[PDB]
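First the structure, in the form of structure tokens, and then the observations on it.
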Amino acid sequence: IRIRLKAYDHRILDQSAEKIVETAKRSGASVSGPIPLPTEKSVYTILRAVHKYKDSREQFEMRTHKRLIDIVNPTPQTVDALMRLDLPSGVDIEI
Amino acid sequence: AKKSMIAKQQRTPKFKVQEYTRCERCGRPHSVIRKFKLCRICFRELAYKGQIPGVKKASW
Amino acid sequence: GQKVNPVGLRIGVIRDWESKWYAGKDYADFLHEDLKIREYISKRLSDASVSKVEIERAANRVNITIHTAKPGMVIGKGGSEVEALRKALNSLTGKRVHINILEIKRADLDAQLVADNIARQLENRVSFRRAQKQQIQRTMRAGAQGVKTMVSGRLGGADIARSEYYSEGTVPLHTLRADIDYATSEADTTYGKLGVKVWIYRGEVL
Amino acid sequence: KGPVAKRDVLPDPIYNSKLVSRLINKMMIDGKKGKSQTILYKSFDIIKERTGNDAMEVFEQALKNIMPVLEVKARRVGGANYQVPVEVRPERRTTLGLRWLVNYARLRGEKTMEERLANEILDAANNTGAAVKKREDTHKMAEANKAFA
Amino acid sequence: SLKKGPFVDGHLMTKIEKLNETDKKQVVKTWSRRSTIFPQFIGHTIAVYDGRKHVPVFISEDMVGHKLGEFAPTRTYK
Amino acid sequence: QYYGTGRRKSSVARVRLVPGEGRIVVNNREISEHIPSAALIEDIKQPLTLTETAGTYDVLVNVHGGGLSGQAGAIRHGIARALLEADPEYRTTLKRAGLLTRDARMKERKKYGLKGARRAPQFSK
RNA sequence: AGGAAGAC
RNA sequence: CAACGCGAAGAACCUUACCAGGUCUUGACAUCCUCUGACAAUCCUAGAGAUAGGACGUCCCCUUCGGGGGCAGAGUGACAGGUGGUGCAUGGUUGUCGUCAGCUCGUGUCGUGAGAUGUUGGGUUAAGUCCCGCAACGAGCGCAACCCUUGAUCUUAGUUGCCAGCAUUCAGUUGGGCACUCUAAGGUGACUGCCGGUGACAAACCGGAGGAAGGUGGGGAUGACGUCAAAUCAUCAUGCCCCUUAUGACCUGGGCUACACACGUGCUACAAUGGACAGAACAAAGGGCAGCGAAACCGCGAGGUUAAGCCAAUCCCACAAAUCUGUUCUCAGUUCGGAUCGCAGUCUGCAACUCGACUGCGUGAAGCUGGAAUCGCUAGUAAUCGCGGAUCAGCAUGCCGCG
């Protein structure tokens, strides 16, 4: 079973990565390291002024990034335990 | 007169091609972004306030 | 032709966001609805002088935390605000809400409260210069590392509109690890419309 | 301000023939190279057995006969916009010589590129040349107006 | 109207057909610049809105492929 | 089985040279209809001839990304890394001969209000 | 010690 | 200069404010008074708009039978609306000088005073950057650094990559494995760190060495006090003006795209450092579910058909051109150049005449590198060649980004 997670904040996604690795390792779930997936980018350009001065512009970056983990063995009781485990509100888990 | 055309914006139009996009947090057409429904002015003001958590200053 | 907004320049690199979630393919109507929460909270809690609100999504539950720096005239009997806010917010958004309050110790170093203080003396019609000196004295007697204050508009003179600045300490706007709290407030008087911009250098980040 | 130059080396220092190595692998770039250089090599061959001797020394005296020694600049003095001749640094000599070679070769106009390039190489080989005559125009202006120093 | 035929205002289409199948009558009042001239409309009189008035036009036999709109240009120059 | 890496102008290449009889090959297609633009020929013939290690090693080259001249520069850096890996006894001679620069000359970020990140559009009074 | 050059 | 591919990151009808036509008075937009307490949709007559009447055709929940939960409508006045004028009534934003290196204060000296000093002078720097004399000693905003990205490596992390080391097949897809590119966290790293010579030995400058780069490695973001009563009442807001049986409203059609002209910015060329045709190529960065749409078939073409895969390092856009080898044209208004024009179409959309894009034809125009003057450009920079993306049903030579 593969679990993805994609969000903006790579700090709290990193501590979420070792926290899920720690839970899966203490459950003994044939753990695999979290693979860094490439980010996705969207750069928007806004008129700096309100009414005039078209050469005055500003750029706003949006960057969001994803990581993947894999569990080889079934281990359904620990899988249901990590389903019922609570998650922070930024980790954005996808099954 | 702006909120007459705001009433056009929330009301469904006669034919479906007559429908157009307005950002509806602030009051204008003309450079609304589709995926936020905010135009440049109210977008950049509320982004400097700090909402839309994907957005920050851009440099590379 | 002015400085770029410092909180908007600091967010993402040093400043954490005030919203910590993701929405996919429904991002637009969550931004519309949670700005409806933020305007409603501002409109009904301007007396209680919230510094900032911050939200998160709990898989079709939303959590709100409100920073007000006083329980005194805010919480009432203790449950009055949470019932009158939670039922009303449920009625507005149609989703499960949860609300929590937080307080700011050493409460005169928060910029939004400082700009609201200046604005409140401007509808109190005490003189703007006295407002600047009293707020500078209040912020230094609370303790700080730098304050810059600006009030612009028609300051009592009808035929001219000019700004006034008052500062103390160091406020570098160009060092990134500086933690400026910035605030803009709007004051409506019989003379007209006045803009306040206060920005405070509280400390340092390593 | 101040001038500054850099260092860079394309060829090998030893066991490297300068003109042969230049001829095979150096300083003509950005496309239309292959067919042009093969037909240019056989243009070199047809002028090789068109002349009655080795062709490299007549190519090099063609480079001498296009290669300028002095030119004259314009300086603002008085109300006449007078001209001042000047002695020339060797890199500027090389840049001017190749620059007049290529632009008058592309500028006179002929059937096609290889025979026209050979046409002004042979036109520089003999003394009666067009851009050669321009080099002596630069001199006859220079030693017409070198009473200014 | 590129592959499947002329695209018109059917209400006054059936109105002018029920006119001409019975008799010949007065000018047809229309605000609509929309319509293509159908080939069975030969010999009628159409009052087209130019923006300020309803100009009268007779329909000749040569109304082969072009729509009704060119009968009333909307700009006056010299 | 000495293995080297090379990067130049948004392109990478990896080289593997083992003791052979002096064979040189990129992508298992040969010189004639695989290698145009004889700057590549002087690329593939310069360093083996300036060293005394020409007919001893055979090299397989794998290629990813980029254009022709930047690819040639990636070949330069790959074979320079391969030789400094294999025979470091004259690696210092290779150093002050040069060719180890790994130039940072990549495409410039286009600036807003400018055409090519140097060119302002046009000006008039 | 090395040009004549108006008005707002 | 700092207006003129500017607000507009997209006018067929709404956008749309402007014009004509026909229509409204508590109006769709916010709250009080009183009922019904659930409202509407389907087809006609006019219908284009309100309107007027018709076929089922004003249809929830708590309920001590009293009434409430604001959604829908109905009549009423307080009303609401103004993209209408005032940027010289204003806040809020922005350009400019200008990434120019400057702009000031505290305390104290000198001066009757305005003022001065610090902030001048010497040596270097890109810098008021550093240091030595000095009635100055300090401080603050600026400069530089910290931030992001591109530049090499160690550890960890190998799928939806890598096929090195192996066995296998035209699809090298697979059975197996992370060392490399690759994606990325912690870093390692370049900081005047050593030698010599100058510099009173200080700060600095020049030449040398492991190095990926030596003297802020390249770029971005960052724009001080102020000036131009610079620009915006087009997001919001006391100040007056008209209305509220109307500059405020509903819709249909038109206009914003007109045209004797002059200008700003760009595109395409005038060609054999090419055109046409044929073959081999090298593959950056983004977008995709009211979507991206592969294969195959049909079509002298844009396209159509049923449609596998993808909620994305797998599937699609994605078939990159300029590039490299062959034949032709042989210097011409030409096999250049492609604009106007007629015919016949494809797609989108209720609708392409006013006023969309694209294709197949035929027609082939001016133009043979452009006077006065004038513009941009210093370690992938100019120039060319393409490629994406944004507003959007559809419309690039505009703009942003990438190679």
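Residues are referred to by chain and number: the chain letter is A, B, ... according to the order shown in the structure tokens, the number counts from 1 in that chain, and ligands are numbered separately from 1 in the order shown.
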
Excluding stretch 23-27 of chain B and its own-chain neighbours fewer than 6 positions away, which residues fall within 7 Å of it when counting only C-alpha atoms (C1' of nucleotides)? Please give them as a ChimeraX atom specification. /B:37-39,42 /H:235

Going by DSSP on the backbone, which bits of stretch 8-170 of chain C are alpha helix (DSSP H)? Write them as a ChimeraX atom specification, please. /C:8-10,27-45,80-93,111-124,128-142

Select from chain A every residue with an atom at most 8 Å from any atom of chain C, then for each give the shortest pair of atoms and their distance in Å to one decimal, using only C-alpha atoms, rows by chain and rising number, as JSON lines.
```
{"residue": "A:7", "atom": "CA", "partner": "C:22", "partner_atom": "CA", "distance": 6.6}
{"residue": "A:89", "atom": "CA", "partner": "C:58", "partner_atom": "CA", "distance": 6.2}
{"residue": "A:90", "atom": "CA", "partner": "C:21", "partner_atom": "CA", "distance": 5.0}
{"residue": "A:92", "atom": "CA", "partner": "C:22", "partner_atom": "CA", "distance": 6.9}
```

Restricted to N, CA, C and O atoms, what would the selected residues look like written as a tab-separated table (two decimals), in the first residue's frame?
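Final output, saved to again10.tsv:
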```
chain	number	residue	atom	x	y	z
A	7	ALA	N	1.76	19.10	0.21
A	7	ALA	CA	1.44	20.36	0.88
A	7	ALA	C	2.55	21.37	0.61
A	7	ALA	O	3.45	21.14	-0.20
A	89	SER	N	-3.02	19.20	10.86
A	89	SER	CA	-3.91	19.80	9.88
A	89	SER	C	-3.18	20.39	8.68
A	89	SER	O	-3.76	21.18	7.94
A	90	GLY	N	-1.91	20.04	8.49
A	90	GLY	CA	-1.20	20.48	7.31
A	90	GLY	C	-0.58	19.35	6.52
A	90	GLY	O	-0.01	19.57	5.45
A	92	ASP	N	-1.93	16.61	5.09
A	92	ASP	CA	-2.68	16.45	3.84
A	92	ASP	C	-2.53	15.05	3.23
A	92	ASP	O	-2.09	14.89	2.09
```

Report as a list in words the set of chain F residues whose atoms approach chain D to within 9 Å, with distances computed over only C-alpha atoms.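 Only these qualify: residues 37, 38, 39, 42, 46, 50 and 98 of chain F.
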
Writing out the chosen residues with N, CA and C atoms as a PDB file, in the first residue's frame:
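Okay, part14.pdb is ready:
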```
ATOM      1  N   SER F  37      29.479  17.976 -36.755  1.00  0.00           N
ATOM      2  CA  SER F  37      29.999  19.174 -36.079  1.00  0.00           C
ATOM      3  C   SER F  37      31.360  18.919 -35.417  1.00  0.00           C
ATOM      4  N   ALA F  38      32.388  18.861 -36.275  1.00  0.00           N
ATOM      5  CA  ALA F  38      33.762  18.433 -35.983  1.00  0.00           C
ATOM      6  C   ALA F  38      34.464  19.094 -34.791  1.00  0.00           C
ATOM      7  N   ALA F  39      33.865  20.141 -34.212  1.00  0.00           N
ATOM      8  CA  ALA F  39      34.182  20.512 -32.836  1.00  0.00           C
ATOM      9  C   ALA F  39      34.022  19.325 -31.886  1.00  0.00           C
ATOM     10  N   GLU F  42      37.241  17.180 -32.523  1.00  0.00           N
ATOM     11  CA  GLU F  42      38.397  17.641 -31.756  1.00  0.00           C
ATOM     12  C   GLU F  42      38.177  17.478 -30.252  1.00  0.00           C
ATOM     13  N   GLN F  46      41.137  15.369 -28.548  1.00  0.00           N
ATOM     14  CA  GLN F  46      42.165  16.169 -27.875  1.00  0.00           C
ATOM     15  C   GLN F  46      42.817  15.487 -26.668  1.00  0.00           C
ATOM     16  N   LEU F  50      46.777  14.288 -26.050  1.00  0.00           N
ATOM     17  CA  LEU F  50      47.730  15.051 -25.245  1.00  0.00           C
ATOM     18  C   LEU F  50      48.268  14.224 -24.083  1.00  0.00           C
ATOM     19  N   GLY F  98      44.492  23.604 -17.516  1.00  0.00           N
ATOM     20  CA  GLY F  98      43.158  24.171 -17.529  1.00  0.00           C
ATOM     21  C   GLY F  98      42.072  23.136 -17.724  1.00  0.00           C
TER      22      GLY F  98
END
```

Shell of 10 Å around residue B:31, only C-alpha atoms (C1' of nucleotides), local chain residues under 2 positions omitted, as a list in words:
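The contact residues come out as residues 46 and 47 of chain A; 21, 22, 23, 28, 29, 33, 34, 37, 38, 39, 40 and 41 of chain B; 8, 9, 10, 390 and 391 of chain H.
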
Residue subset to file, keeping N, CA and C atoms (P, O5', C5', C4', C3', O3' and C1' of nucleotides), as a PDB file, in the first residue's frame:
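The resulting file, selection10.pdb, is reproduced below:
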```pdb
ATOM      1  N   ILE A  46       1.391  39.963 -11.305  1.00  0.00           N
ATOM      2  CA  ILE A  46       0.379  40.923 -10.901  1.00  0.00           C
ATOM      3  C   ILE A  46       0.870  42.310 -11.282  1.00  0.00           C
ATOM      4  N   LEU A  47      -0.027  43.138 -11.809  1.00  0.00           N
ATOM      5  CA  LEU A  47       0.285  44.549 -11.971  1.00  0.00           C
ATOM      6  C   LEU A  47       0.555  45.175 -10.611  1.00  0.00           C
TER       7      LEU A  47
ATOM      8  N   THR B  21     -17.072  35.940 -15.668  1.00  0.00           N
ATOM      9  CA  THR B  21     -16.412  35.738 -14.387  1.00  0.00           C
ATOM     10  C   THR B  21     -16.166  37.077 -13.708  1.00  0.00           C
ATOM     11  N   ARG B  22     -16.478  37.148 -12.419  1.00  0.00           N
ATOM     12  CA  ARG B  22     -16.163  38.299 -11.590  1.00  0.00           C
ATOM     13  C   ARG B  22     -15.692  37.782 -10.239  1.00  0.00           C
ATOM     14  N   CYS B  23     -14.747  38.494  -9.624  1.00  0.00           N
ATOM     15  CA  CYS B  23     -14.027  37.936  -8.482  1.00  0.00           C
ATOM     16  C   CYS B  23     -14.876  37.900  -7.214  1.00  0.00           C
ATOM     17  N   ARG B  28     -14.684  43.994  -9.235  1.00  0.00           N
ATOM     18  CA  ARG B  28     -14.419  44.269 -10.643  1.00  0.00           C
ATOM     19  C   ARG B  28     -14.259  43.015 -11.492  1.00  0.00           C
ATOM     20  N   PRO B  29     -14.586  43.118 -12.795  1.00  0.00           N
ATOM     21  CA  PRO B  29     -14.053  42.204 -13.819  1.00  0.00           C
ATOM     22  C   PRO B  29     -12.634  42.584 -14.208  1.00  0.00           C
ATOM     23  N   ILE B  33      -8.388  36.174 -11.645  1.00  0.00           N
ATOM     24  CA  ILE B  33      -7.730  34.880 -11.778  1.00  0.00           C
ATOM     25  C   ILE B  33      -8.794  33.815 -11.610  1.00  0.00           C
ATOM     26  N   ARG B  34      -8.787  32.795 -12.473  1.00  0.00           N
ATOM     27  CA  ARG B  34      -9.844  31.789 -12.408  1.00  0.00           C
ATOM     28  C   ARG B  34      -9.736  30.947 -11.145  1.00  0.00           C
ATOM     29  N   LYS B  37     -10.500  33.249  -8.044  1.00  0.00           N
ATOM     30  CA  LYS B  37     -11.543  34.279  -8.149  1.00  0.00           C
ATOM     31  C   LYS B  37     -11.213  35.508  -7.303  1.00  0.00           C
ATOM     32  N   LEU B  38      -9.986  36.005  -7.465  1.00  0.00           N
ATOM     33  CA  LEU B  38      -9.565  37.311  -6.974  1.00  0.00           C
ATOM     34  C   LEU B  38      -8.830  38.027  -8.096  1.00  0.00           C
ATOM     35  N   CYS B  39      -9.090  39.318  -8.273  1.00  0.00           N
ATOM     36  CA  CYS B  39      -8.322  40.078  -9.249  1.00  0.00           C
ATOM     37  C   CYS B  39      -7.044  40.587  -8.589  1.00  0.00           C
ATOM     38  N   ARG B  40      -6.275  41.383  -9.341  1.00  0.00           N
ATOM     39  CA  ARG B  40      -4.948  41.827  -8.917  1.00  0.00           C
ATOM     40  C   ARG B  40      -4.982  42.644  -7.630  1.00  0.00           C
ATOM     41  N   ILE B  41      -5.897  43.618  -7.538  1.00  0.00           N
ATOM     42  CA  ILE B  41      -5.894  44.581  -6.431  1.00  0.00           C
ATOM     43  C   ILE B  41      -6.181  43.886  -5.108  1.00  0.00           C
TER      44      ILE B  41
ATOM     45  P     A H   8      -6.447  45.778 -15.799  1.00  0.00           P
ATOM     46  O5'   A H   8      -6.331  45.486 -17.354  1.00  0.00           O
ATOM     47  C5'   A H   8      -5.905  44.212 -17.812  1.00  0.00           C
ATOM     48  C4'   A H   8      -6.383  43.938 -19.212  1.00  0.00           C
ATOM     49  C3'   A H   8      -5.430  44.361 -20.323  1.00  0.00           C
ATOM     50  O3'   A H   8      -5.578  43.471 -21.426  1.00  0.00           O
ATOM     51  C1'   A H   8      -7.467  45.504 -20.567  1.00  0.00           C
ATOM     52  P     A H   9      -4.445  42.381 -21.748  1.00  0.00           P
ATOM     53  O5'   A H   9      -5.148  40.991 -21.423  1.00  0.00           O
ATOM     54  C5'   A H   9      -4.374  39.849 -21.078  1.00  0.00           C
ATOM     55  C4'   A H   9      -4.996  39.084 -19.940  1.00  0.00           C
ATOM     56  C3'   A H   9      -5.497  39.948 -18.788  1.00  0.00           C
ATOM     57  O3'   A H   9      -6.611  39.307 -18.166  1.00  0.00           O
ATOM     58  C1'   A H   9      -3.866  38.475 -17.989  1.00  0.00           C
ATOM     59  P     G H  10      -8.119  39.697 -18.565  1.00  0.00           P
ATOM     60  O5'   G H  10      -8.240  39.250 -20.082  1.00  0.00           O
ATOM     61  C5'   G H  10      -9.447  39.419 -20.798  1.00  0.00           C
ATOM     62  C4'   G H  10      -9.172  39.858 -22.209  1.00  0.00           C
ATOM     63  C3'   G H  10     -10.372  39.908 -23.125  1.00  0.00           C
ATOM     64  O3'   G H  10     -11.093  41.107 -22.948  1.00  0.00           O
ATOM     65  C1'   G H  10      -8.523  38.904 -24.239  1.00  0.00           C
ATOM     66  P     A H 390      -2.937  28.229 -18.738  1.00  0.00           P
ATOM     67  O5'   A H 390      -3.230  29.655 -18.105  1.00  0.00           O
ATOM     68  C5'   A H 390      -2.650  30.036 -16.867  1.00  0.00           C
ATOM     69  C4'   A H 390      -2.550  31.533 -16.763  1.00  0.00           C
ATOM     70  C3'   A H 390      -3.824  32.284 -17.106  1.00  0.00           C
ATOM     71  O3'   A H 390      -4.666  32.406 -15.978  1.00  0.00           O
ATOM     72  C1'   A H 390      -1.955  33.280 -18.194  1.00  0.00           C
ATOM     73  P     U H 391      -6.227  32.082 -16.087  1.00  0.00           P
ATOM     74  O5'   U H 391      -6.824  33.336 -16.858  1.00  0.00           O
ATOM     75  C5'   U H 391      -7.467  34.381 -16.151  1.00  0.00           C
ATOM     76  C4'   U H 391      -8.164  35.319 -17.099  1.00  0.00           C
ATOM     77  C3'   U H 391      -9.262  34.703 -17.952  1.00  0.00           C
ATOM     78  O3'   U H 391     -10.511  34.680 -17.284  1.00  0.00           O
ATOM     79  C1'   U H 391      -7.814  36.004 -19.311  1.00  0.00           C
TER      80        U H 391
END
```

With a cut-off of 6 Å, could you pull out the residues of chain H touching chain F and give me the nearest pair of atoms for each, distance in Å to one decimal, using only C-alpha atoms (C1' of nucleotides), ordered by chain and ascending number, as a tab-separated table?
```
residue	atom	partner	partner_atom	distance
H:151	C1'	F:104	CA	5.5
H:282	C1'	F:67	CA	5.4
H:375	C1'	F:122	CA	5.6
H:376	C1'	F:119	CA	5.7
H:380	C1'	F:105	CA	5.9
```

Considering only C-alpha atoms (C1' of nucleotides), tabulate each residue of chain C that lies at most 6 Å from chain H along with its nearest interatomic pair and the corresponding distance in Å to one decimal; arrange the rows by chain and ascending residue number and present them as JSON lines.
```
{"residue": "C:1", "atom": "CA", "partner": "H:94", "partner_atom": "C1'", "distance": 5.6}
{"residue": "C:190", "atom": "CA", "partner": "H:238", "partner_atom": "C1'", "distance": 5.9}
{"residue": "C:193", "atom": "CA", "partner": "H:91", "partner_atom": "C1'", "distance": 5.4}
{"residue": "C:194", "atom": "CA", "partner": "H:91", "partner_atom": "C1'", "distance": 5.4}
{"residue": "C:195", "atom": "CA", "partner": "H:91", "partner_atom": "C1'", "distance": 5.3}
```

Any chance you could export the current selection's C-alpha atoms as a compact mmCIF listing (two decimals), in the first residue's frame?
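Contents of out.txt, as written:
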```txt
# COMPACT_ATOMS: atom_id res chain seq x y z
CA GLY C 1 6.66 54.47 -4.85
CA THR C 190 -15.62 64.67 10.65
CA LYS C 193 -10.36 59.84 6.42
CA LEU C 194 -7.05 59.11 8.15
CA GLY C 195 -4.57 56.29 7.60
```

If I take atom CA of residue A:29 and atom CA of residue A:71, how far is one from the other in Å, to one decimal?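 Going from atom CA of residue A:29 over to atom CA of residue A:71 covers 6.6 Å.
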
Could you give me, as a tab-separated table, every chain A residue with an atom at most 9 Å from chain F, plus its closest atom pair and distance in Å to one decimal, counting only C-alpha atoms, rows ordered by chain then number?
```
residue	atom	partner	partner_atom	distance
A:54	CA	F:113	CA	8.5
A:55	CA	F:113	CA	5.2
A:56	CA	F:113	CA	7.5
A:57	CA	F:112	CA	7.2
A:58	CA	F:112	CA	8.5
```

Selection export as a short mmCIF file (atom, residue, chain, number, x, y, z; two decimals), in the first residue's frame, atoms kept: N, CA, C and O atoms:
```cif
data_model
loop_
_atom_site.label_atom_id
_atom_site.label_comp_id
_atom_site.auth_asym_id
_atom_site.auth_seq_id
_atom_site.Cartn_x
_atom_site.Cartn_y
_atom_site.Cartn_z
N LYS A 54 2.35 49.80 -16.70
CA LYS A 54 2.31 48.39 -17.09
C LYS A 54 3.66 47.69 -16.91
O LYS A 54 3.70 46.50 -16.60
N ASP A 55 4.77 48.43 -17.05
CA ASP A 55 6.09 47.87 -16.82
C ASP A 55 6.39 47.59 -15.36
O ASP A 55 7.41 46.97 -15.06
N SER A 56 5.54 48.04 -14.44
CA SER A 56 5.68 47.76 -13.02
C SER A 56 4.85 46.53 -12.68
O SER A 56 3.62 46.61 -12.65
N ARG A 57 5.51 45.40 -12.45
CA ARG A 57 4.81 44.16 -12.14
C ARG A 57 5.49 43.49 -10.96
O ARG A 57 6.60 43.85 -10.56
N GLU A 58 4.80 42.50 -10.39
CA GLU A 58 5.31 41.72 -9.27
C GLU A 58 4.99 40.26 -9.52
O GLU A 58 4.05 39.93 -10.23
#
```

Please identify which residues in chain E DSSP calls strand (DSSP E or B) from the backbone, and express them as a list in words. residues 28, 29, 30, 36, 45, 46, 47, 48, 49, 54, 55, 56, 57, 58 and 67 of chain E

With C-alpha atoms retained, could you export that selection as a tab-separated table (two decimals), in the first residue's frame?
```tsv
chain	number	residue	atom	x	y	z
E	28	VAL	CA	-42.09	42.87	-41.90
E	29	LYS	CA	-41.06	44.74	-38.76
E	30	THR	CA	-37.84	43.31	-37.35
E	36	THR	CA	-30.10	34.29	-42.97
E	45	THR	CA	-40.45	43.58	-48.01
E	46	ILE	CA	-38.44	43.69	-44.78
E	47	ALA	CA	-38.08	46.61	-42.34
E	48	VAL	CA	-34.70	46.08	-40.67
E	49	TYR	CA	-33.63	47.95	-37.54
E	54	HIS	CA	-36.53	50.47	-39.65
E	55	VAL	CA	-35.26	50.75	-43.21
E	56	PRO	CA	-37.39	49.17	-45.98
E	57	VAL	CA	-35.79	46.64	-48.34
E	58	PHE	CA	-37.21	44.52	-51.15
E	67	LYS	CA	-27.65	36.77	-44.38
```

For this session: Check the smallest atom-to-atom distance from each of H:325, H:86, H:334, H:26 to residue H:272 using only C-alpha atoms (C1' of nucleotides), then report the winner.
Result: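 That would be H:334, the residue with the smallest distance to residue H:272.
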
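Applying a distance limit of 6 Å to only C-alpha atoms (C1' of nucleotides), the residues of chain A near chain H read residues 33, 35, 36, 37, 38, 49, 51 and 52 of chain A.
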
I'd like the interatomic distance between atom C1' of residue H:228 and atom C1' of residue H:101, to a tenth of an Å.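 According to the coordinates, atom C1' of residue H:228 and atom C1' of residue H:101 are separated by 21.1 Å.
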
In Å and to one decimal, atom CA of residue C:46 is distant from atom CA of residue C:68 by 10.1 Å

Note to self: Env of residue B:20: 8 Å cut, atoms = only C-alpha atoms (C1' of nucleotides), seq-sep filter 5 positions within chain, self excluded. Answer as JSON, numbers by chain.
What the structure shows: {"B": [9], "H": [14, 15]}

**Asked** Which residues come within 8 Å of residue A:1, counting only C-alpha atoms (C1' of nucleotides), excluding same-chain residues fewer than 5 positions away, as a ChimeraX atom specification?
**Response** /A:70-72,74

Write out the residues from the selection above, keeping N, CA and C atoms, as a PDB file, in the first residue's frame.
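What landed in part-v7.pdb:
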```
ATOM      1  N   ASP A  70       5.774   3.554   1.094  1.00  0.00           N
ATOM      2  CA  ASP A  70       5.254   2.265   0.662  1.00  0.00           C
ATOM      3  C   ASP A  70       5.396   1.247   1.783  1.00  0.00           C
ATOM      4  N   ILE A  71       4.357   0.432   1.948  1.00  0.00           N
ATOM      5  CA  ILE A  71       4.342  -0.671   2.902  1.00  0.00           C
ATOM      6  C   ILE A  71       4.186  -1.965   2.117  1.00  0.00           C
ATOM      7  N   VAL A  72       5.135  -2.885   2.292  1.00  0.00           N
ATOM      8  CA  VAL A  72       5.171  -4.111   1.500  1.00  0.00           C
ATOM      9  C   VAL A  72       4.209  -5.150   2.062  1.00  0.00           C
ATOM     10  N   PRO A  74       1.150  -6.828   4.372  1.00  0.00           N
ATOM     11  CA  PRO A  74      -0.211  -6.330   4.663  1.00  0.00           C
ATOM     12  C   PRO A  74      -0.367  -5.682   6.032  1.00  0.00           C
TER      13      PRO A  74
END
```

Exercise. Pull out every residue of chain D that has at least one atom within 10 Å of chain G, counting only C-alpha atoms (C1' of nucleotides), and report them as a list in words.
Key: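 Filtering chain D at 10 Å from chain G with only C-alpha atoms (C1' of nucleotides) gives residues 77, 78, 79 and 80 of chain D.
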